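Have a look at data03.pdb below; it lists PDB, C-alpha atoms (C1' of nucleotides).
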ATOM      1  CA  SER A   1      19.417 -19.304 -11.746  1.00  0.00           C
ATOM      2  CA  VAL A   2      20.102 -18.115 -15.293  1.00  0.00           C
ATOM      3  CA  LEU A   3      17.664 -15.257 -14.632  1.00  0.00           C
ATOM      4  CA  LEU A   4      19.944 -13.513 -12.148  1.00  0.00           C
ATOM      5  CA  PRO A   5      23.261 -11.956 -13.226  1.00  0.00           C
ATOM      6  CA  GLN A   6      26.526 -12.893 -11.549  1.00  0.00           C
ATOM      7  CA  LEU A   7      29.311 -10.615 -10.319  1.00  0.00           C
ATOM      8  CA  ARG A   8      32.732 -11.839 -11.415  1.00  0.00           C
ATOM      9  CA  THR A   9      34.974  -9.288  -9.639  1.00  0.00           C
ATOM     10  CA  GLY A  10      34.907  -7.267  -6.445  1.00  0.00           C
ATOM     11  CA  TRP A  11      34.533  -4.073  -8.466  1.00  0.00           C
ATOM     12  CA  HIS A  12      31.340  -5.330 -10.099  1.00  0.00           C
ATOM     13  CA  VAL A  13      30.043  -5.858  -6.565  1.00  0.00           C
ATOM     14  CA  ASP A  14      31.174  -2.462  -5.302  1.00  0.00           C
ATOM     15  CA  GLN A  15      29.954  -0.558  -8.349  1.00  0.00           C
ATOM     16  CA  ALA A  16      26.700  -2.529  -8.296  1.00  0.00           C
ATOM     17  CA  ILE A  17      26.272  -1.117  -4.795  1.00  0.00           C
ATOM     18  CA  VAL A  18      27.361   2.424  -5.665  1.00  0.00           C
ATOM     19  CA  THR A  19      25.579   3.036  -8.977  1.00  0.00           C
ATOM     20  CA  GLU A  20      22.138   2.117  -7.613  1.00  0.00           C
ATOM     21  CA  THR A  21      20.568   4.865  -5.478  1.00  0.00           C
ATOM     22  CA  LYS A  22      16.843   4.185  -5.275  1.00  0.00           C
ATOM     23  CA  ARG A  23      16.443   0.439  -4.647  1.00  0.00           C
ATOM     24  CA  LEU A  24      17.978  -2.178  -2.381  1.00  0.00           C
ATOM     25  CA  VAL A  25      20.971  -4.216  -3.507  1.00  0.00           C
ATOM     26  CA  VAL A  26      20.729  -7.896  -2.603  1.00  0.00           C
ATOM     27  CA  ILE A  27      23.782 -10.123  -3.019  1.00  0.00           C
ATOM     28  CA  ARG A  28      23.964 -13.873  -2.461  1.00  0.00           C
ATOM     29  CA  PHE A  29      27.496 -14.867  -1.473  1.00  0.00           C
ATOM     30  CA  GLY A  30      27.931 -18.554  -2.211  1.00  0.00           C
ATOM     31  CA  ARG A  31      29.048 -21.182  -4.673  1.00  0.00           C
ATOM     32  CA  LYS A  32      27.139 -22.930  -7.444  1.00  0.00           C
ATOM     33  CA  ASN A  33      27.909 -26.448  -6.212  1.00  0.00           C
ATOM     34  CA  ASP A  34      26.415 -25.989  -2.739  1.00  0.00           C
ATOM     35  CA  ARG A  35      22.995 -27.384  -1.894  1.00  0.00           C
ATOM     36  CA  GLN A  36      21.724 -24.357   0.034  1.00  0.00           C
ATOM     37  CA  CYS A  37      23.087 -21.860  -2.505  1.00  0.00           C
ATOM     38  CA  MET A  38      21.003 -23.128  -5.423  1.00  0.00           C
ATOM     39  CA  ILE A  39      17.778 -23.082  -3.396  1.00  0.00           C
ATOM     40  CA  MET A  40      17.996 -19.404  -2.485  1.00  0.00           C
ATOM     41  CA  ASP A  41      19.089 -18.839  -6.072  1.00  0.00           C
ATOM     42  CA  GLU A  42      15.798 -20.341  -7.266  1.00  0.00           C
ATOM     43  CA  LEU A  43      13.728 -18.519  -4.647  1.00  0.00           C
ATOM     44  CA  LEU A  44      15.398 -15.194  -5.449  1.00  0.00           C
ATOM     45  CA  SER A  45      15.172 -16.043  -9.150  1.00  0.00           C
ATOM     46  CA  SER A  46      11.381 -16.176  -9.018  1.00  0.00           C
ATOM     47  CA  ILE A  47      11.133 -12.973  -6.976  1.00  0.00           C
ATOM     48  CA  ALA A  48      13.381 -10.768  -9.135  1.00  0.00           C
ATOM     49  CA  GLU A  49      10.692  -9.665 -11.605  1.00  0.00           C
ATOM     50  CA  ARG A  50       8.154  -8.699  -8.940  1.00  0.00           C
ATOM     51  CA  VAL A  51      10.650  -6.658  -6.964  1.00  0.00           C
ATOM     52  CA  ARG A  52      12.702  -5.070  -9.770  1.00  0.00           C
ATOM     53  CA  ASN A  53      11.205  -1.690  -8.852  1.00  0.00           C
ATOM     54  CA  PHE A  54      12.253  -1.409  -5.208  1.00  0.00           C
ATOM     55  CA  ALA A  55      15.112  -3.934  -5.164  1.00  0.00           C
ATOM     56  CA  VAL A  56      17.588  -5.710  -7.424  1.00  0.00           C
ATOM     57  CA  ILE A  57      19.274  -9.059  -6.892  1.00  0.00           C
ATOM     58  CA  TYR A  58      22.798 -10.076  -7.875  1.00  0.00           C
ATOM     59  CA  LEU A  59      24.990 -13.147  -7.446  1.00  0.00           C
ATOM     60  CA  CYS A  60      28.546 -13.441  -6.128  1.00  0.00           C
ATOM     61  CA  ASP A  61      30.779 -16.483  -5.743  1.00  0.00           C
ATOM     62  CA  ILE A  62      33.233 -16.923  -2.887  1.00  0.00           C
ATOM     63  CA  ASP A  63      35.838 -18.754  -4.967  1.00  0.00           C
ATOM     64  CA  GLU A  64      35.455 -16.220  -7.783  1.00  0.00           C
ATOM     65  CA  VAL A  65      35.878 -13.331  -5.323  1.00  0.00           C
ATOM     66  CA  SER A  66      37.524 -14.132  -1.985  1.00  0.00           C
ATOM     67  CA  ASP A  67      38.214 -10.472  -1.199  1.00  0.00           C
ATOM     68  CA  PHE A  68      35.167  -9.826   1.010  1.00  0.00           C
ATOM     69  CA  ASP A  69      35.549 -13.063   3.002  1.00  0.00           C
ATOM     70  CA  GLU A  70      37.414 -11.525   5.945  1.00  0.00           C
ATOM     71  CA  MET A  71      35.729  -8.116   5.870  1.00  0.00           C
ATOM     72  CA  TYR A  72      32.137  -9.290   6.295  1.00  0.00           C
ATOM     73  CA  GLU A  73      33.163 -12.587   7.952  1.00  0.00           C
ATOM     74  CA  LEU A  74      31.639 -14.958   5.385  1.00  0.00           C
ATOM     75  CA  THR A  75      31.007 -18.469   6.633  1.00  0.00           C
ATOM     76  CA  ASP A  76      28.321 -21.094   5.884  1.00  0.00           C
ATOM     77  CA  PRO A  77      27.692 -21.993   2.208  1.00  0.00           C
ATOM     78  CA  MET A  78      25.606 -18.867   1.573  1.00  0.00           C
ATOM     79  CA  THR A  79      25.019 -15.402   2.974  1.00  0.00           C
ATOM     80  CA  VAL A  80      22.472 -12.984   1.505  1.00  0.00           C
ATOM     81  CA  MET A  81      23.238  -9.328   2.264  1.00  0.00           C
ATOM     82  CA  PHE A  82      21.346  -6.056   1.782  1.00  0.00           C
ATOM     83  CA  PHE A  83      22.880  -2.710   0.791  1.00  0.00           C
ATOM     84  CA  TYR A  84      21.339   0.756   0.497  1.00  0.00           C
ATOM     85  CA  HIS A  85      23.473   3.799  -0.452  1.00  0.00           C
ATOM     86  CA  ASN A  86      26.755   1.971   0.203  1.00  0.00           C
ATOM     87  CA  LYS A  87      25.447   1.394   3.738  1.00  0.00           C
ATOM     88  CA  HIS A  88      25.261  -2.214   4.832  1.00  0.00           C
ATOM     89  CA  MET A  89      21.729  -2.641   6.085  1.00  0.00           C
ATOM     90  CA  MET A  90      20.838  -4.547   9.213  1.00  0.00           C
ATOM     91  CA  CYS A  91      17.731  -6.307  10.523  1.00  0.00           C
ATOM     92  CA  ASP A  92      17.104  -8.419  13.621  1.00  0.00           C
ATOM     93  CA  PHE A  93      15.709 -11.721  12.376  1.00  0.00           C
ATOM     94  CA  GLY A  94      15.817 -13.472  15.724  1.00  0.00           C
ATOM     95  CA  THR A  95      18.687 -15.627  14.445  1.00  0.00           C
ATOM     96  CA  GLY A  96      20.845 -13.660  16.898  1.00  0.00           C
ATOM     97  CA  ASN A  97      23.011 -12.357  14.053  1.00  0.00           C
ATOM     98  CA  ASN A  98      21.405  -9.116  12.938  1.00  0.00           C
ATOM     99  CA  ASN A  99      23.873  -9.011  10.027  1.00  0.00           C
ATOM    100  CA  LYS A 100      23.566 -10.549   6.552  1.00  0.00           C
ATOM    101  CA  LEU A 101      21.383 -13.656   6.175  1.00  0.00           C
ATOM    102  CA  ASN A 102      22.011 -17.397   6.477  1.00  0.00           C
ATOM    103  CA  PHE A 103      19.077 -19.847   6.277  1.00  0.00           C
ATOM    104  CA  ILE A 104      16.967 -20.725   3.270  1.00  0.00           C
ATOM    105  CA  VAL A 105      13.658 -18.844   3.285  1.00  0.00           C
ATOM    106  CA  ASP A 106      10.593 -20.977   2.565  1.00  0.00           C
ATOM    107  CA  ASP A 107       7.811 -18.991   0.881  1.00  0.00           C
ATOM    108  CA  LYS A 108       8.094 -16.284  -1.752  1.00  0.00           C
ATOM    109  CA  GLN A 109       5.746 -13.994   0.167  1.00  0.00           C
ATOM    110  CA  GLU A 110       7.792 -14.188   3.368  1.00  0.00           C
ATOM    111  CA  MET A 111      10.935 -13.123   1.498  1.00  0.00           C
ATOM    112  CA  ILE A 112       9.134 -10.373  -0.419  1.00  0.00           C
ATOM    113  CA  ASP A 113       7.937  -9.129   2.975  1.00  0.00           C
ATOM    114  CA  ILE A 114      11.525  -9.115   4.235  1.00  0.00           C
ATOM    115  CA  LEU A 115      12.680  -7.170   1.178  1.00  0.00           C
ATOM    116  CA  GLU A 116       9.746  -4.768   1.487  1.00  0.00           C
ATOM    117  CA  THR A 117      10.273  -4.156   5.200  1.00  0.00           C
ATOM    118  CA  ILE A 118      14.051  -3.731   4.909  1.00  0.00           C
ATOM    119  CA  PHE A 119      13.470  -1.305   2.031  1.00  0.00           C
ATOM    120  CA  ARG A 120      10.808   0.748   3.809  1.00  0.00           C
ATOM    121  CA  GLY A 121      12.914   0.981   6.955  1.00  0.00           C
ATOM    122  CA  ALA A 122      15.951   1.742   4.810  1.00  0.00           C
ATOM    123  CA  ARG A 123      14.411   4.847   3.268  1.00  0.00           C
ATOM    124  CA  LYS A 124      14.217   6.449   6.728  1.00  0.00           C
ATOM    125  CA  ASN A 125      17.979   5.869   7.365  1.00  0.00           C
ATOM    126  CA  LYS A 126      16.914   3.359  10.028  1.00  0.00           C
ATOM    127  CA  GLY A 127      19.808   0.979  10.554  1.00  0.00           C
ATOM    128  CA  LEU A 128      17.961  -1.831  12.327  1.00  0.00           C
ATOM    129  CA  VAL A 129      14.660  -3.094  10.976  1.00  0.00           C
ATOM    130  CA  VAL A 130      12.471  -5.726  12.625  1.00  0.00           C
ATOM    131  CA  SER A 131      11.234  -8.516  10.376  1.00  0.00           C
ATOM    132  CA  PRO A 132       7.567  -9.548  10.749  1.00  0.00           C
ATOM    133  CA  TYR A 133       8.811 -13.140  11.017  1.00  0.00           C
ATOM    134  CA  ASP A 134      11.201 -14.356  13.723  1.00  0.00           C
ATOM    135  CA  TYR A 135      12.333 -17.752  12.397  1.00  0.00           C
ATOM    136  CA  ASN A 136      14.925 -18.415  15.090  1.00  0.00           C
ATOM    137  CA  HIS A 137      13.896 -22.081  15.181  1.00  0.00           C
ATOM    138  CA  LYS A 138      16.207 -22.169  12.122  1.00  0.00           C
ATOM    139  CA  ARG A 139      19.301 -19.960  12.425  1.00  0.00           C
TER     140      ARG A 139
ATOM    141  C1'   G B   1      31.334 -34.265  47.108  1.00  0.00           C
ATOM    142  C1'   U B   2      25.817 -30.228  47.585  1.00  0.00           C
ATOM    143  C1'   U B   3      21.239 -29.898  49.434  1.00  0.00           C
ATOM    144  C1'   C B   4      15.947 -31.714  51.084  1.00  0.00           C
ATOM    145  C1'   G B   5      13.441 -35.916  54.021  1.00  0.00           C
ATOM    146  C1'   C B   6      12.908 -40.308  57.581  1.00  0.00           C
ATOM    147  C1'   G B   7      15.307 -43.809  61.817  1.00  0.00           C
ATOM    148  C1'   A B   8      19.528 -44.240  66.054  1.00  0.00           C
ATOM    149  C1'   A B   9      23.086 -41.958  69.837  1.00  0.00           C
ATOM    150  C1'   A B  10      25.570 -37.942  73.158  1.00  0.00           C
ATOM    151  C1'   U B  11      22.531 -33.232  75.828  1.00  0.00           C
ATOM    152  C1'   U B  12      16.880 -29.646  77.614  1.00  0.00           C
ATOM    153  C1'   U B  13      11.110 -33.338  72.412  1.00  0.00           C
ATOM    154  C1'   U B  14      12.064 -28.728  67.499  1.00  0.00           C
ATOM    155  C1'   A B  15      18.227 -27.383  67.397  1.00  0.00           C
ATOM    156  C1'   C B  16      23.847 -29.036  66.429  1.00  0.00           C
ATOM    157  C1'   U B  17      27.161 -33.292  65.411  1.00  0.00           C
ATOM    158  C1'   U B  18      27.804 -38.166  63.812  1.00  0.00           C
ATOM    159  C1'   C B  19      25.986 -43.036  61.679  1.00  0.00           C
ATOM    160  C1'   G B  20      21.695 -46.151  58.492  1.00  0.00           C
ATOM    161  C1'   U B  21      18.852 -44.430  54.572  1.00  0.00           C
ATOM    162  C1'   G B  22      14.799 -42.009  49.475  1.00  0.00           C
ATOM    163  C1'   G B  23      15.214 -38.367  45.640  1.00  0.00           C
ATOM    164  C1'   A B  24      17.105 -34.173  43.371  1.00  0.00           C
ATOM    165  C1'   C B  25      22.061 -33.246  41.581  1.00  0.00           C
ATOM    166  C1'   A B  26      25.012 -29.503  33.547  1.00  0.00           C
ATOM    167  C1'   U B  27      27.154 -25.128  30.768  1.00  0.00           C
ATOM    168  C1'   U B  28      26.295 -21.771  26.927  1.00  0.00           C
ATOM    169  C1'   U B  29      23.480 -19.682  22.202  1.00  0.00           C
ATOM    170  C1'   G B  30      19.213 -17.893  19.869  1.00  0.00           C
ATOM    171  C1'   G B  31      19.962 -10.766  24.466  1.00  0.00           C
ATOM    172  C1'   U B  32      23.720  -5.543  19.562  1.00  0.00           C
ATOM    173  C1'   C B  33      18.484   0.770  19.718  1.00  0.00           C
ATOM    174  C1'   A B  34      19.036   3.213  15.060  1.00  0.00           C
ATOM    175  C1'   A B  35      21.097   8.526  13.988  1.00  0.00           C
ATOM    176  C1'   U B  36      25.808  11.753  14.814  1.00  0.00           C
ATOM    177  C1'   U B  37      31.770  13.476  16.768  1.00  0.00           C
ATOM    178  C1'   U B  38      39.716  15.319  11.442  1.00  0.00           C
ATOM    179  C1'   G B  39      42.729   9.789  12.850  1.00  0.00           C
ATOM    180  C1'   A B  40      47.742   5.494  16.260  1.00  0.00           C
ATOM    181  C1'   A B  41      41.374   2.950  18.597  1.00  0.00           C
ATOM    182  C1'   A B  42      37.999   2.601  22.954  1.00  0.00           C
ATOM    183  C1'   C B  43      32.160   2.711  24.015  1.00  0.00           C
ATOM    184  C1'   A B  44      33.059   7.849  25.814  1.00  0.00           C
ATOM    185  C1'   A B  45      29.793  11.744  24.613  1.00  0.00           C
ATOM    186  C1'   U B  46      25.031  13.667  21.476  1.00  0.00           C
ATOM    187  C1'   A B  47      20.269  12.728  20.612  1.00  0.00           C
ATOM    188  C1'   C B  48      16.376   8.820  23.077  1.00  0.00           C
ATOM    189  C1'   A B  49      12.243   5.558  19.862  1.00  0.00           C
ATOM    190  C1'   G B  50       7.285  12.075  20.040  1.00  0.00           C
ATOM    191  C1'   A B  51      12.723   8.096  14.847  1.00  0.00           C
ATOM    192  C1'   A B  52      -2.749  15.115  12.123  1.00  0.00           C
ATOM    193  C1'   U B  53      -8.422  14.599  12.453  1.00  0.00           C
ATOM    194  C1'   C B  54     -14.207  15.874  10.781  1.00  0.00           C
ATOM    195  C1'   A B  55     -17.114  17.708   6.506  1.00  0.00           C
ATOM    196  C1'   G B  56     -18.822  19.551   1.345  1.00  0.00           C
ATOM    197  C1'   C B  57     -19.182  19.728  -4.085  1.00  0.00           C
ATOM    198  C1'   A B  58     -18.015  18.216  -8.553  1.00  0.00           C
ATOM    199  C1'   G B  59     -16.357  14.451 -12.081  1.00  0.00           C
ATOM    200  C1'   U B  60     -16.710   8.957 -14.963  1.00  0.00           C
ATOM    201  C1'   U B  61     -20.963   4.619 -15.823  1.00  0.00           C
ATOM    202  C1'   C B  62     -26.019   3.332 -16.490  1.00  0.00           C
ATOM    203  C1'   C B  63     -31.732   4.530 -15.642  1.00  0.00           C
ATOM    204  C1'   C B  64     -36.126   7.623 -15.418  1.00  0.00           C
ATOM    205  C1'   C B  65     -38.712  12.419 -15.830  1.00  0.00           C
ATOM    206  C1'   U B  66     -39.069  17.164 -18.412  1.00  0.00           C
ATOM    207  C1'   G B  67     -37.421  20.771 -22.043  1.00  0.00           C
ATOM    208  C1'   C B  68     -35.025  22.862 -26.834  1.00  0.00           C
ATOM    209  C1'   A B  69     -32.273  21.564 -31.292  1.00  0.00           C
ATOM    210  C1'   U B  70     -31.721  18.256 -35.490  1.00  0.00           C
ATOM    211  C1'   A B  71     -32.583  14.322 -38.851  1.00  0.00           C
ATOM    212  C1'   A B  72     -36.286  11.512 -40.809  1.00  0.00           C
ATOM    213  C1'   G B  73     -41.488  10.143 -40.550  1.00  0.00           C
ATOM    214  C1'   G B  74     -46.770  10.769 -39.804  1.00  0.00           C
ATOM    215  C1'   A B  75     -52.454  12.903 -38.090  1.00  0.00           C
ATOM    216  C1'   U B  76     -55.754  17.005 -38.261  1.00  0.00           C
ATOM    217  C1'   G B  77     -57.846  21.820 -38.689  1.00  0.00           C
ATOM    218  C1'   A B  78     -58.075  26.792 -41.104  1.00  0.00           C
ATOM    219  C1'   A B  79     -64.520  29.675 -46.174  1.00  0.00           C
ATOM    220  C1'   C B  80     -64.776  31.313 -51.554  1.00  0.00           C
ATOM    221  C1'   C B  81     -61.913  30.576 -57.156  1.00  0.00           C
ATOM    222  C1'   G B  82     -54.746  34.332 -60.866  1.00  0.00           C
ATOM    223  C1'   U B  83     -53.480  33.816 -68.669  1.00  0.00           C
ATOM    224  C1'   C B  84     -48.610  44.254 -64.679  1.00  0.00           C
ATOM    225  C1'   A B  85     -47.661  50.034 -63.606  1.00  0.00           C
ATOM    226  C1'   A B  86     -46.853  55.037 -66.315  1.00  0.00           C
ATOM    227  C1'   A B  87     -46.475  58.131 -70.796  1.00  0.00           C
ATOM    228  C1'   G B  88     -46.911  58.961 -76.168  1.00  0.00           C
ATOM    229  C1'   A B  89     -48.991  58.092 -81.496  1.00  0.00           C
ATOM    230  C1'   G B  90     -52.934  56.097 -84.576  1.00  0.00           C
ATOM    231  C1'   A B  91     -58.472  53.799 -85.446  1.00  0.00           C
ATOM    232  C1'   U B  92     -64.322  53.354 -83.817  1.00  0.00           C
ATOM    233  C1'   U B  93     -68.742  54.896 -80.849  1.00  0.00           C
ATOM    234  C1'   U B  94     -71.631  58.607 -77.380  1.00  0.00           C
ATOM    235  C1'   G B  95     -91.415  65.823 -70.355  1.00  0.00           C
ATOM    236  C1'   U B  96     -92.468  62.001 -65.144  1.00  0.00           C
ATOM    237  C1'   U B  97     -90.339  56.377 -60.362  1.00  0.00           C
ATOM    238  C1'   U B  98     -83.208  55.251 -58.880  1.00  0.00           C
ATOM    239  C1'   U B  99     -79.819  61.155 -57.250  1.00  0.00           C
TER     240        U B  99
END
Take the structure from the file and write it as structure tokens.
Amino acid sequence: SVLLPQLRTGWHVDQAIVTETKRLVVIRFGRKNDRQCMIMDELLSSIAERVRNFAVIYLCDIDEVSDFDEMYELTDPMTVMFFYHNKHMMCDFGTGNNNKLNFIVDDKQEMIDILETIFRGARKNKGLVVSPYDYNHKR
RNA sequence: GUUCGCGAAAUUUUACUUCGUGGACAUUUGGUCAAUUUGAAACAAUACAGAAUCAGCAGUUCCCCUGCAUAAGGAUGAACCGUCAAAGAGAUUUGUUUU
């Protein structure tokens, strides 16, 4: 958890998205007290060093910044989201919501494969990517 | 209350109509192509998932064979033997077989 930096204003979020051209921007929207928010914080905290080349991971709190709540429709304790060149990325996970992310991923390798596949499909301008894993038993 | 099935009646055995009877009798979600159009905001155009394959040499790493170099190291053969050159001056001797 301490490994990943946190974004304390909406402008740190926005500039974090704008100033980074060549690698994905991954934000976890959620609060420190939640049960599901710390788990993806640990999972993403282990993965950050492997992936630092082709992606970077940041942290955002909903109570700290409530500005994006209505715009991206943030519900559930946590939503992970993926941004490439200011463009919100999108991938059909089988969860029925191709936007953002909700559930807690299990294995490191499955999440690194999601990051890798979203990245690779993102370099081609492709809006929708198809994950190798449809988890929809979860949602 | 809806259908399927069996028994009874009114008529031409199956058929309609009604009685006695055995089941079956929920709705949704997980279902978005991406890319592009100077405006009070709609899915209307514009694409439309088409969103290179055989062969050759060389080069790094080790091994062997054969050359040439270099550093060291060895083995053996080779018939004949070492304390000047020129010019000038002085001193001593010099009848017949092989010319």
Using 9 Å as the limit and counting all atoms listed in the file, can you tabulate each residue of segment 88-127 of chain A that touches segment 55-61 of chain A, with its shortest atom-to-atom distance in Å and the two atoms involved, as JSON lines?
{"residue": "A:115", "atom": "CA", "partner": "A:55", "partner_atom": "CA", "distance": 7.5}
{"residue": "A:116", "atom": "CA", "partner": "A:55", "partner_atom": "CA", "distance": 8.6}
{"residue": "A:119", "atom": "CA", "partner": "A:55", "partner_atom": "CA", "distance": 7.8}
Item to check | Interface, chain B side, toward chain A (12 Å; all atoms listed in the file) as a list in words | outcome: residues 29, 30, 31, 32, 33, 34, 35, 49 and 51 of chain B
Checklist entry - atom CA of residue 1 of chain A and atom CA of residue 112 of chain A, how far apart in Å? => result 17.7 Å
Checklist entry - Just so the selection is clear, what residues does the PyMOL selection byres ((chain B and resi 5) around 9) cover here, as a count of residues only? => result 4
Neighbour list for residue 6 of chain A as a CSV table (one decimal) with C-alpha atoms, in the frame of the given file, cut-off 12 Å, all atoms listed in the file, skip fewer than 6 positions in-chain:
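Dumped everything to around08.csv:
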chain,number,residue,atom,x,y,z
A,12,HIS,CA,31.3,-5.3,-10.1
A,13,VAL,CA,30.0,-5.9,-6.6
A,16,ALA,CA,26.7,-2.5,-8.3
A,26,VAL,CA,20.7,-7.9,-2.6
A,27,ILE,CA,23.8,-10.1,-3.0
A,28,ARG,CA,24.0,-13.9,-2.5
A,29,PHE,CA,27.5,-14.9,-1.5
A,30,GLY,CA,27.9,-18.6,-2.2
A,31,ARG,CA,29.0,-21.2,-4.7
A,32,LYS,CA,27.1,-22.9,-7.4
A,41,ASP,CA,19.1,-18.8,-6.1
A,57,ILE,CA,19.3,-9.1,-6.9
A,58,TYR,CA,22.8,-10.1,-7.9
A,59,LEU,CA,25.0,-13.1,-7.4
A,60,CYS,CA,28.5,-13.4,-6.1
A,61,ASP,CA,30.8,-16.5,-5.7
A,62,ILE,CA,33.2,-16.9,-2.9
A,64,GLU,CA,35.5,-16.2,-7.8
A,65,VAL,CA,35.9,-13.3,-5.3
Item to check | atom CA of residue 4 of chain A to atom CA of residue 80 of chain A, distance in Å rounded to a single decimal | outcome: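 About the pair atom CA of residue 4 of chain A and atom CA of residue 80 of chain A: they are 13.9 Å apart.
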Next on the checklist: Please return as a list in words every residue within 6 Å of (13.4, -4.5, 8.1), taking into account all atoms listed in the file and the file's own coordinates.
Outcome noted: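 All residues meeting the 6 Å criterion around (13.4, -4.5, 8.1) are residues 91, 117, 118, 121, 129, 130 and 131 of chain A.
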Item to check | Atomic separation - atom CA of residue 106 of chain A relative to atom CA of residue 135 of chain A, Å | outcome: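 Taking atom CA of residue 135 of chain A as the start and atom CA of residue 106 of chain A as the end point, the length is 10.5 Å.
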Checklist entry - Taking the file as shown, what set of residues would the PyMOL selection byres ((chain A and resi 36) around 9) give back, as a VMD selection string? => result chain A and resid 30 34 to 35 37 to 41 77 to 78 103 to 104
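Ranking B:59, B:7, B:98, B:85 by their shortest atom-to-atom distance to residue 19 of chain B, with all atoms listed in the file included, puts B:7 first.
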